[PDB]
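J.: Would you be able to build a 3D model of this:
(chains A, B and C, ligands or ions: 9)
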Amino acid sequence: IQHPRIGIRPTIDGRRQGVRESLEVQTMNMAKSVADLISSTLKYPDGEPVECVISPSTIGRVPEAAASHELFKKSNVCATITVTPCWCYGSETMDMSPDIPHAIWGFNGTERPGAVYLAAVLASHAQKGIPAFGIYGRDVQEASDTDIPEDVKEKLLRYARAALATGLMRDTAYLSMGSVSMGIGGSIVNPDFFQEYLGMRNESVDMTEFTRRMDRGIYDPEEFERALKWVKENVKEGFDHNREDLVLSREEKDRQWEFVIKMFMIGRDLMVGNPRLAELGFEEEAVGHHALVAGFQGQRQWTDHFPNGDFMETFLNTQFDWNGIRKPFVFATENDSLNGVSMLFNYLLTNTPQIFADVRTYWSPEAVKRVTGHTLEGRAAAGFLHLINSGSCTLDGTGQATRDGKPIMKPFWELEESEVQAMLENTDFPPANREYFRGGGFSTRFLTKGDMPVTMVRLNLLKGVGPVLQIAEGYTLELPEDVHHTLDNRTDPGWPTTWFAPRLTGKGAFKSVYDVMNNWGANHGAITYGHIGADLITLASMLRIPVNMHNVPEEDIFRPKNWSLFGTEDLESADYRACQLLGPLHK
Amino acid sequence: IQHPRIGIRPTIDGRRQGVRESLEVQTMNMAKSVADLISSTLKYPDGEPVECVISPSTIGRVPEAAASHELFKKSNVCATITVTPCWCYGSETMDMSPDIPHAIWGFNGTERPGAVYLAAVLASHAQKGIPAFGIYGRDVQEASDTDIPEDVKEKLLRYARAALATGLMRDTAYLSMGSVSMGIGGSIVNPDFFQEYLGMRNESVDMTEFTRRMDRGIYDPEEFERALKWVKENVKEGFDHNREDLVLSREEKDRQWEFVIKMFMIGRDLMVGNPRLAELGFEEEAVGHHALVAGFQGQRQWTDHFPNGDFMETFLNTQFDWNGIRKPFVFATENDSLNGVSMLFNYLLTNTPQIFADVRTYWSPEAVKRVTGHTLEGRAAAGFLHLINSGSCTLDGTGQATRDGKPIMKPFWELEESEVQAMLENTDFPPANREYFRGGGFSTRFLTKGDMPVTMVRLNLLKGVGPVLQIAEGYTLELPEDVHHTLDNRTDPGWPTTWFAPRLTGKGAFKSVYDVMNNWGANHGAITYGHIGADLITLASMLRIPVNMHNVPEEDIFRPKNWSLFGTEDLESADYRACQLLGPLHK
Amino acid sequence: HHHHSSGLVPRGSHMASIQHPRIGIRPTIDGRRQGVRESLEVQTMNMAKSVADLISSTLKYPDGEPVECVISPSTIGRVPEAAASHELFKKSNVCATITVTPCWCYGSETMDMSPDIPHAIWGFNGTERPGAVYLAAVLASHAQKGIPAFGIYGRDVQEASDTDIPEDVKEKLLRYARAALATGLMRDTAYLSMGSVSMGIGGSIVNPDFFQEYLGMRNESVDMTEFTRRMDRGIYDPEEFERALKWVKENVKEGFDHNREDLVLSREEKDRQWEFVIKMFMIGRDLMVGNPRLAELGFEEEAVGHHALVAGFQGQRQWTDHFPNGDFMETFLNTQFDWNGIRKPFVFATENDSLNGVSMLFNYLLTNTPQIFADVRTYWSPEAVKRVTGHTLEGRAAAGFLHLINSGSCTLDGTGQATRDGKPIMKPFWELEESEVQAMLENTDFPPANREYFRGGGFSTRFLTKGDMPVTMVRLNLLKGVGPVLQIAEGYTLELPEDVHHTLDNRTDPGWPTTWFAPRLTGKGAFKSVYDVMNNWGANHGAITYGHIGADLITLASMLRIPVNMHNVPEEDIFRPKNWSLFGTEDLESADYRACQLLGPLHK
Ligand SMILES: C[C@@H]1O[C@@H](O)[C@@H](O)[C@H](O)[C@@H]1O
Ligand SMILES: C[C@@H]1O[C@@H](O)[C@@H](O)[C@H](O)[C@@H]1O
Ligand SMILES: C[C@@H]1O[C@@H](O)[C@@H](O)[C@H](O)[C@@H]1O
Ligand SMILES: C[C@H](O)[C@@H](O)[C@@H](O)C(=O)CO
Ligand SMILES: C[C@H](O)[C@@H](O)[C@@H](O)C(=O)CO
Ligand SMILES: C[C@H](O)[C@@H](O)[C@@H](O)C(=O)CO
Ligand SMILES: [Mn+2]
Ligand SMILES: [Mn+2]
Ligand SMILES: [Mn+2]
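T.: Numbering: from 1, shown residues only, chains lettered A, B, ... in the order given. Ligands and ions are numbered 1, 2, ... in the order given. For reference, the structure is listed below:
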């Protein structure tokens, strides 16, 4: 995990003998306010505070712009924010970097035309096709007012979180383990997508590597022993649903517990390397694949023979193991790289682990009544979705973490001992259903606490357009206990469950919960704690991915200012137009 | 100012031995009705009545179409209107000129298929990609009914005014004086825009020319003397806000009054020439630059040394000076050529002078209450915009002209003596603020009467798309006198002020007055008397400039009939599509 | 360094200066370790080391400094080493990449993904390991992923443990480096228009999209009133001025006055105009690069300049109609010395012909030699020469020639008075001897401007470029809907017989400077005849450099995805990214247009 910085660029009126000198402090202050707001509010996936850099001076004329540019280049700046309380020149003071986002915050004061620079400099951005965000506060502020108003903070932080996400993906890899899984689209990996849109590389390992490392001892054995121990004490084997002649013996299941632990270790070591492997004389294997995100093909070839990926998938995505509480490793079942990236967007925006799930069933109220007798009320009133992965899910997905007595998924550094324990307690691990996975393994079974605000997310590849994003904000549901159990046993009671109801709007594909599912573009979703729809819209716009479907309210949509020039009425079409024309960042 | 004509083309059923002869008069009459409606209702910027030409005969077969075409070519026709009460052939009778607008008015009668030609001939236009407007009245009329119904007149006149505007720009120049002003986008002049969209040329003069003409006596000295005299008697020097050591002596200010007068003269002579200059033996300079519109870079290089452009800018845009009441010369501060064209659209559509202004502040109700104590009511109820140029503004912008006891900006030929006097009385000219303009000059200070209906307009260049138009209909505001003075002194009390509130619609960027400002694409606006939004939409469509933002009601949107084929539901997207595909007129 | 109040003032010596873009050198290696990788480490890192030595010991920045190279933190075997590398280059100001290897490496795992900079790959032509094999493989990935890369592959199999770079490889590495560096040097700098459009000249209608999209460059502009403001307000170094005036009096011979009788200026006026043009120089120079002395004299805003690597003075019409012209200014900006000493030139366009300026800059940055700005004035056919002079042309002039002669100004370096091995050349400033500076000054005078064209006055530059010097005439033109296209014509300056020279000169504009130019004809395309070459020249201006740099420009242009519409470079010298050949191998021109078309400018 690198530390992309935000460059704060304080532009000023270049005229001296009065004007410039009188604005120096006020201008430099706006920069500091912003550096501070970011560095005290946002954190990298590793929990360290975000870092900003200010331009070496205020920017009144081009050479100051150049020096600012000089400094940012060697400072690993992934986005810029310009701030000004006055009029400044524009093409003379603007950042020209075409490969990063930019925001301009123009102080809404009267003494000095701050808003006038803002709009002028953004005209130049639109005219020169360098997308920039415009941040203009609602209320005239006093020339001395030191505060960042609330509307401005919201825009600054949305921007910064979105920008940071682009900053963190850049130059990292997606690691495929295997390749295509059962003809699943997102598992037919498209490097052009990663390269053009995300600035990302593609790495690739045949699953035989897993076997190789196992046969040849290419993993930490002190670590294996500590892990076996930890797993026995912490991980409860669940009910075996397997038919008589497929039920594995206790010996065989025990051997498989060892195996799937080894799998988890190897996956980790693949993604990020492991110094320990150099100590054991596997100097090459030790470096890893530089993967911020990976996936495991699994079915059919691997899972037909060897224990499945559930354990590995589950724990890679979970914020702890025998080594302690930690960042997750964003990881995709069935090597669904599109779902992986969907999860990755969510993760970089929140610093929270991410649920991978099949969108399994839509339950209409009529069908629940028929099958269960129960009439749905509250959030489930309008029907809902059975989100359930084919074996694995982040343990944080239980929703056992708590804030203000409500369920959440937390960044790892905020997790309490008791919370980790609760996730463990409320999960068991049923043997793999051997008709689907002759090779065995152990799935992950739990039920996500209800009444938890979440966003469900999917990237899809549309031929001849590229990626499109769909967003669905909603809430998890708790159902009556009898209702849950009827719908569970009828579906896959061996796998983890989340009951999801999306917020309806009466607009678009959100007229009804059916319409949502009927417009979902894959069998998979990434599900995050939090209502992060607006954040995703912004990120999408930074990366020029059109948003085909969302239920974020129009007022929170925050896009580079030049999107408006493609239209203000038909935001969706304006969006496709802008993305179409600008194309990906790294064409 | 040339006199573009409208070609009226009366098409008829070619079948004789009865049918044709029986329709001759009725058809020829429709033409005359239309020629008359236009020539008695519309006027050129010089006040002369618009001129029409009818085809040399009715058009029943191609050779009549050809003769019509022959005649129009040598008749300086800038748009056509076909009129018919009957069925006619279509591809046989249609105008093929691809570089001008066309309208078809099909009489809504029953005896004879007039509406049937209308729709057929427009199909051909759409099929052959020659955009045409369709003008069809709501109510069946009697075969003898000689009247142009109201819905038809509205469409005919909207079309004609829009068409005439394209007619008047064509083959004229924009003159830059200087080039880029303080990195302002619209001042980085794009000749492709002028050439491709407006059929216009680009002329260019370094500001040194101004100095040259001054040192070398290249202006009318009899005119200078009459002007000095007139300015002393009519122009009141305003309060000097300059700090002690910058305040200029009375001698020095007097020298500067002479200078800025000379500036005004030279600008005029540059734009349009001056026979007087040939008499004084400056035969070359006398021809001018053929500019229908120009701009003056001003800052930073000129204004840092010499008296600023305010006076010149102000009077060029004002409908009188020491030589009497007259057409304005559309003229842009800071050489903002985009604002200049915005003003020019407005001007050719109305024959009224045009306010150039920075969109300075958005005043929310919360902020007014905080700063002033006052709670806004009436039109200002929902917040408003401080429109204020950095020194200059058409004196007609005072709003001292009156119709039915309401403030207006009038075409010059309608101005009364007392009205001109009132504009003068209610304006003074404060010395230039020398921290911004070391070189001095005198700004233009007044406050625009409130409760005046206006449209604010801006053209923006969107990279890889081209120009896009934004329209904002609203009203000027009168604020409580204490309220005005607080907001003024706090901003720039030395410059001219217009308080603007746009009409909100709940659609698009017009949900709130903030949203309007937040979606304004430049620091500048052109502001015209009148609600001319619908006229601008039409003109935009003629020139294939997409409209990105407007608050004109959907029912008044009047575009070539083939726009509907790009869609009837999503008018904005249909619009971008059509403009995208057709491209500019002179590609 | 920071102002006591707000914000920046020139460190300095000057404010904006010549950047030091690095070439990043990536040694890639086989990832396998139970013997193989270790066995190749040394030979691999040597390749890298020796390439960095080749570049740093041969090539210099415009300021005379050795070019800087950066090596990857390690040999590159798997992605994470590539990431460590990219991580280093991102903060080391790397303008281009060279991958070297003697062995097989894992293509897409090891490749550089930067889309905004050139990449070359050199595969050791050895037998022991698949070096070329990596070369072809990784180049295939570049073409598949649309990230252009150059392929350097030596003609003759080398022994493992030969550490000499073969001559043919050297040629390619240095052509690449030279071109790559020109890209890196232009990037993030600005073009400053002084004035804007001059007499309706195309390239003087400055096009920011070109600068931004193609060159990664900014556009600055001041109206020429800024000169008058500075002159009137003393915004220029007056101590400097006094030295300059004295040096000019001593070193600048005023030329014969050709003016119409009633337009001839008095000695008093001429002397005033002399002071004026010197201040114009100082001011134009100050505008471009800034001046610490301006800060000292209290003009802190001004002191900073316009970050201008290249600039232009509009002049005509409205300045030169009134004040002395910019000939003196344009001349000395492009000349490699003045009162302050021998010095890099400041690349500078007459008539604000920005495209000429960019053509000049291409040349400057490829060669470190100053640049001739010319009107391509007249094509002299042998028949017209015979008719007009009675002389039958021979040697390099035999097939006719072009009269190259700017409308007043030209680099004094373009006299061709500097010398190497008996031959006339133009040199980088740091190689110029005293004799040579002196020679130039002695072979140039400065005629009063022609007041029928320049009522304001001033002084033109007049000299004759020495014949028999290899030169390249260059021009970028803008094609609507395509973008920039580049035309190149290699040839020689000519020494005409003296009678022929004076007859032709005096019919033309003997007040201006002359280069007589013969382009190498090839029988191909527009180089069938000297006439054909002029008839296909796309502008009234050209940029002429010493040397034959056609191949270097071709490589440059491919890097910036600028097509070459016309060049006389031998086909075997054409050195473009490997993927250009996937666009075709017979029609190199069309392939080049398709490739530029598709890839587009670096920074769209
Ligand atoms: C149950 C979990 O086991 C290990 O991860 C411990 O290090 C954690 O802190 C937690 O107690
Ligand atoms: C005050 C104005 O002065 C001159 O323009 C007169 O010709 C006008 O008619 C008017 O009176
Ligand atoms: C005319 C003189 O020529 C050389 O002597 C230079 O070293 C001096 O600086 C001056 O340029
Ligand atoms: C268990 C199932 O057969 C799985 O193989 C498959 O349905 C999925 O997980 C859906 O992608
Ligand atoms: C007076 C100001 O400094 C002006 O130079 C500038 O703000 C404008 O007029 C805005 O375009
Ligand atoms: C004297 C003429 O006007 C010259 O200035 C003219 O031929 C040129 O320089 C063409 O660029
Ligand atoms: Mn699945
Ligand atoms: Mn302004
Ligand atoms: Mn010339």
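
J.: how does chain A divide into domains?
T.: Domain assignment for chain A, taken from curated CATH domains, gives A:1-172, A:173-337, A:338-587.

J.: Span of the shortest one from start to end?
T.: Read it as domain A:173-337. One end of domain A:173-337 sits 11 Å from the other (C-alpha to C-alpha, to the nearest Å).

J.: Whatever helix or strand residue A:8 lives in vs chain B: in contact?
T.: Using DSSP states H and E, the element containing residue A:8 is strand A:5-10. No: contact of strand A:5-10 with chain B (C-beta under 8 Å from any C-beta of the partner chain) is absent, the minimum separation being 14.3 Å. For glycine as for every other residue, the C-beta is placed from the backbone atoms N, C-alpha and C.

J.: Just the CA trace of that strand, in PDB.
T.: Only the C-alpha atoms of strand A:5-10 are listed here, as PDB (Å, rounded to 0.1, in the frame of the first residue of the first chain):
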ATOM      1  CA  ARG A   5      -0.800  12.500  -1.700                       C
ATOM      2  CA  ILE A   6      -3.200  15.400  -2.400                       C
ATOM      3  CA  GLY A   7      -1.500  18.500  -3.800                       C
ATOM      4  CA  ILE A   8      -3.000  21.600  -2.400                       C
ATOM      5  CA  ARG A   9      -2.300  24.600  -4.800                       C
ATOM      6  CA  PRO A  10      -3.000  28.000  -3.500                       C
END
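
J.: Which SSE is immediately downstream of it?
T.: helix A:19-41.

J.: now for that following helix, which elements pack on it?
T.: Secondary-structure packing of helix A:19-41 (3 or more C-beta pairs under 8 Å, 6 or more residues apart in numbering or on different chains; DSSP states H and E): strand A:5-10, strand A:52-54, strand A:77-84, helix A:150-169.

J.: Next, the buried residues of that helix.
T.: Neighbour counts over helix A:19-41 (16 or more other C-beta atoms under 10 Å in any protein chain shown) mark A:19-24, A:26-31, A:33-35, A:37-39 as buried.

J.: any chance of the domains of chain A in TSV, with distance to residue B:306 too?
T.: Listed next are these as TSV, based on distance: least, C-beta to C-beta, whole Å:
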stretch	distance to residue B:306
domain A:1-172	16
domain A:173-337	50
domain A:338-587	35
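
J.: Tell me which of the ones you listed approaches residue B:281 most closely.
T.: Residue B:281 lies closest to domain A:1-172 among the domains of chain A, at 40.8 Å (C-beta to C-beta).

J.: can you give me the end-to-end distance of that closest one?
T.: Domain A:1-172: ends 9 Å apart by C-alpha to C-alpha.

J.: Report the contact partners of the residue nearest to the spatial centre of chain A.
T.: Taking C-alpha atoms, centre = their mean, the centroid of chain A lies closest to residue A:346, which sits 2.0 Å from it. Contacts for residue A:346 were tallied using C-beta atoms under 8 Å, 6 or more residues apart in numbering or on different chains; they are A:352, A:354, A:455, A:457, A:526-528, A:532, A:536.

J.: switch the cut-off to 7 Å
T.: Applying C-beta atoms under 7 Å, 6 or more residues apart in numbering or on different chains to residue A:346 gives the contacts A:354, A:457, A:526, A:528, A:532.

J.: Name the nearest residue to the last one, sequence neighbours excluded.
T.: Spatially, and ignoring its direct neighbours in sequence, residue A:532 is nearest to residue A:455 (5.0 Å; C-beta to C-beta, 6 or more residues apart in numbering or on different chains).

J.: Assess the claim that that neighbour and residue A:529 are in contact.
T.: No: the pair residue A:455 / residue A:529 is not scored as a contact, 8.3 Å apart, by C-beta atoms under 7 Å.

J.: between those two, who's got more neighbours?
T.: residue A:455 (29 against 26; other C-beta atoms under 10 Å in any protein chain shown).

J.: I'd guess that one is in a helix, am I close?
T.: No: using DSSP: H, G, I helix; E, B strand; the rest coil, the assignment for residue A:455 is strand, not a helix.

J.: Export the domains of chain A to JSON lines and append columns for distance to ligand 6.
T.: Below are these laid out as JSON lines (distance: least, C-beta to the nearest ligand atom, whole Å):
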{"stretch": "domain A:1-172", "distance to ligand 6": "27"}
{"stretch": "domain A:173-337", "distance to ligand 6": "44"}
{"stretch": "domain A:338-587", "distance to ligand 6": "37"}
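
J.: How about the stretch 1-150 of chain A: which residue is closest to ligand 4?
T.: residue A:45 (27.4 Å; C-beta to the nearest ligand atom).

J.: Three-state assignment for that residue, please.
T.: coil.

J.: and the residue in the stretch 401-550 of chain A positioned nearest to chain C, what is it in contact with?
T.: Nearest residue of the stretch 401-550 of chain A to chain C: residue A:544, at 12.9 Å (C-beta to the nearest C-beta). By C-beta under 7 Å, 6+ apart, the contact set of residue A:544 is A:579, A:582-585.

J.: and which of these is nearest to residue B:189?
T.: Of all the contacts of residue A:544, residue A:582 has the smallest distance to residue B:189: 24.0 Å, by C-beta to C-beta.

J.: residue contacts, the closest one?
T.: A:129, A:131, A:544.

J.: can you list the residues of the stretch 101-250 of chain A near chain B?
T.: Residues of the stretch 101-250 of chain A lying close to chain B (C-beta under 7 Å from any C-beta of the partner chain) are A:110-111, A:113, A:115-116, A:119-120, A:123-124, A:126-129, A:136, A:138-140.
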